[PDB]
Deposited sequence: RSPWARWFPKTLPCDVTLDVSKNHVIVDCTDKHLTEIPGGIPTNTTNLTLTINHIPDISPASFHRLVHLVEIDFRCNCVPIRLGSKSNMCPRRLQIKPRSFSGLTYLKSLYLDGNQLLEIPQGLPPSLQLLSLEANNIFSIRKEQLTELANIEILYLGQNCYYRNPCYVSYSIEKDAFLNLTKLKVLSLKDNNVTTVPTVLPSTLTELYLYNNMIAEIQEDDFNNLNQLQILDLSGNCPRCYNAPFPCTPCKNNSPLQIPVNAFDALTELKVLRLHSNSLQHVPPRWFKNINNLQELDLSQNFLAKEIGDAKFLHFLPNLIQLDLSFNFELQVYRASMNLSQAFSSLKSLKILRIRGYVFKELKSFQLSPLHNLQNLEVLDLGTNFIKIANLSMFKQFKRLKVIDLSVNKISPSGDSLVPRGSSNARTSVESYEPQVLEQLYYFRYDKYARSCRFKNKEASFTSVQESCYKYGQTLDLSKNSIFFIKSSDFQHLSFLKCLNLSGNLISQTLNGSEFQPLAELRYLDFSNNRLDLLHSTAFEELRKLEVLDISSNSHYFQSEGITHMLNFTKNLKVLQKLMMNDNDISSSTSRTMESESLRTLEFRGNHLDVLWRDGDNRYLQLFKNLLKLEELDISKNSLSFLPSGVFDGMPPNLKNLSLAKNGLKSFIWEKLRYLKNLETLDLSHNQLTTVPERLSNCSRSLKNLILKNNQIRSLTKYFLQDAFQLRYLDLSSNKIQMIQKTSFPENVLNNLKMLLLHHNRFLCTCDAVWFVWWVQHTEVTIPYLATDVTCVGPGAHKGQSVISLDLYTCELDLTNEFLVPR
């Protein structure tokens, strides 16, 4: 099979057309760059680790490197897991990167470097220096980066990682980086925008700084700029869960009217959390092509009423206007201006946090003609009165989000080291609807999904509540109180395809009342039924029935009492679900499967899930009754023994998952003749030795994956074939270097199974 046992503890990828060889040691706790790295590599990854420093010998022989990823090898005080200390920062020797003529990108984020490393090659196009302790930028240290294109100098001075002085940037330190395109100076205690900036900028991220004023000659040359993030300078700090220093006298970021003049190619402009009170239309005079405009967390609740500046944004695609309420004001209505009708190309419109009382009909009348409008977000407004029949006018929409309301009948780019596919959606999750009348959902026939999760509705549905929802294809009814007393529940939902009644545990917990679990017979096109976490322990109906159900999730219920000893009533509880192909009876406290349930399983079953149950002994010779099973999932159980011969058990099994089980050693003919299998998982067990007789490469040659890590191989010389095969076969076994370790004997504890070579075995 192989004569090249490669002990390199990091993965390798080969895309010979891309001419790329990617060797990634991510989260591998190495104390040094290993030897034997191929000279063929292009991308190298050395993130969270314990590497002490760099040296010219680090990348000595590697000329074909285009990418080095050295992120966060000594995390700052508050920015990383403080179970892993470095004794001090990283140190980079002189001429530590010059020998990399083909280098193009380099990530040194989170490494407590105090100044920018020098000697980098001129071919470098990217450079990430975030979460470091560089709080001073001078021209002479940027002399070497005259060809750079991406420069991430963020998170160098802020509350998670402080430096106690404002960012200093000397005059025109960035000017002669003529190829510079992206510059992210976020979270750097910067006090002024660093003029003069290169004219070839396309993205400038100055957000979360202490910039209080903008000068008129500040964005004066950037005419190829497309993104401008000025978010969080002079923030809105009330009730902020993070340390934030507002401006003086509660002032908004002072931007002159003629500041966005030279910006003509501007496409994104984020002014989130600027304590803004007005937004002049003169800002948007020259920016013709603005697409996205963030204006959250300001004091614009009075501007949203006027909002003159929207007549200048005819190409606007997004408009975030969330969280602009005035403290201690609970408005009776939303006051959107008539200037919202000039947003011809608008698609998304989030106005959460406008806190107000009643959503009436004609308050959204400006939006009655935005033909491209799709999302209409109105969560977290504490609305109380809202006639849902007023959305017979927003039919062409795609989401009508009305979550956390009360209706009744910092750094989101911090790279630390559903219903919508079905059509129109009405999200009424987490409102205060305590019962369902059919007349409420009148005029909402077009609805293809309805989320009612979290309303805590206590109701015995008798098949009349959702009558006008004629086209409904998805219904989320989780986290409610459903009384399944009638089998005619959900009967008028004729086109329904998904039904979620999970976490409706209240009445299913009760003992003695009826639970008509055959309510699915009348649902002709239902494809998926989620009813997990319902504590279903009893059922008046002896069977479930549906000629179309294909998925059933039944996890977090009580099937041990339904399948109690001597109780043959609910043995064929699923047998009549004919098209069913994926059962998820997991976390059902099942301590043993009563012999006979497998004869009462649907015929076309394909993907079974028995995870986290408590299975003390799951018989296998009954698998033959499932002549279509492919994805048996028994992870996180308490089995002890494996089948005698997986050939004799199932003739179609291909996805066994015995993760986190209690197995101590497999059989002598385990995978004997069982060719059809294509995936297996014995991770996190107590298995000790695995011989050859049960693992013929006749079978192994086709296994796409196989996991045996975190278990208890005692790696003595009883396992010579184990050694030779595990470090000389090409069966994929992930983490073959770090987590599948050896328990013994003694001096060979903590050994790798790939680092195994017992020479004195046949001496």
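In this chain, the deposited residues that lack C-alpha positions fall in the ranges 1-4, 414-445, 454-467, 814-823.
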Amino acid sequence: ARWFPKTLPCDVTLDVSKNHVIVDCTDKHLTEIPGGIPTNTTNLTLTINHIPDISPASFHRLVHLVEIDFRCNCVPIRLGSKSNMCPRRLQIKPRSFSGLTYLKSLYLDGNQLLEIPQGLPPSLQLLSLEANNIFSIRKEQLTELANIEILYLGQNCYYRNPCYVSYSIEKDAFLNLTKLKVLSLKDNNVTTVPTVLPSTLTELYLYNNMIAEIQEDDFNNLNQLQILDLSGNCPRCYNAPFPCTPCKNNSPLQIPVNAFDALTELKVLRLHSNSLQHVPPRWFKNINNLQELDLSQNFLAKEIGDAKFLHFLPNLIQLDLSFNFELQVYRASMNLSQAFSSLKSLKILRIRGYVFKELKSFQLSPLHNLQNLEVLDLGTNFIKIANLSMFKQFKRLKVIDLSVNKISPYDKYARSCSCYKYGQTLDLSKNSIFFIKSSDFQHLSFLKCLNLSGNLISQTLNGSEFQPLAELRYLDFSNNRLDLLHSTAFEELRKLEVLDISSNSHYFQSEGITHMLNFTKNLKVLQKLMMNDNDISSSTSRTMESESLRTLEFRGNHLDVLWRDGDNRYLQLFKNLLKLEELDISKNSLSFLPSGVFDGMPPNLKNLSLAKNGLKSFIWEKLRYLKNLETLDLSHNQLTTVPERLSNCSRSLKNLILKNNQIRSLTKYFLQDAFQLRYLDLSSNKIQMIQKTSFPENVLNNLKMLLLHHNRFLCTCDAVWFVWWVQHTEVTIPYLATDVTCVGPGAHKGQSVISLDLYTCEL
From here on, numbers count along this sequence of modelled residues.
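Missing-residue comparison: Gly80 falls in the unmodelled set for a third or more of the other PDB entries checked.
In the comparison with other entries of the same protein, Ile501 is given coordinates in all of those covering both sides of it, so it never reaches the one-third threshold.
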